[PDB]
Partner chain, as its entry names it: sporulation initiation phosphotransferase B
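To begin, one chain is listed below as structure tokens, in the form solved without its partner chain.
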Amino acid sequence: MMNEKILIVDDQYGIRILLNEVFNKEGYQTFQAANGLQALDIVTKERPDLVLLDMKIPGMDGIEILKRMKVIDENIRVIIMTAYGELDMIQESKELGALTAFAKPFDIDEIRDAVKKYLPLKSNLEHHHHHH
């Protein structure tokens, strides 16, 4: 199976290592990038399947970053982060290969839950059971 890999493009390295460890723990080889170049490096270094492109402020729109990682790997997908769906770029984001546009209101679990249900390795903590 796929070894389950992630790329977190967030400048708020708090949220970034937050997401990092969260998915990482499920099995996700998550690599934290604060910028799209970092991200380019990350894709080229690990080849993540799920790249959380924080379109907020890190450096560039997760779209332009998702497509550059799409050109190096259209195998890849992106979980671009938004100010709760500012549309336009948001539409095109998911449209180009972003699975989800997660915002300020995040359950944390819904994001890790999402990554598993999109590409599942091990996930959770204790087997695959009804409770998360």
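Numbering follows the first chain given and starts at 1.
This protein has a second form, the form solved in complex with its partner chain, left out of what is shown; the following refers to that one.
- In the bound PDB entry, no residue of the candidate spot (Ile72, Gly97 and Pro120) has a heavy atom lying within 4.5 Å of its partner chain.
- Remark: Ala114 does not count among the residues lining its partner chain in the bound PDB entry, judged by a heavy atom distance of 4.5 Å or less.
- In the bound PDB entry, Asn35 approaches its partner chain with a heavy atom inside 4.5 Å.
- Residue contact with its partner chain in the bound PDB entry: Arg77 places no heavy atom within 4.5 Å of it.
- The closest non-hydrogen atom of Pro58 lies within 4.5 Å of its partner chain in the bound PDB entry.
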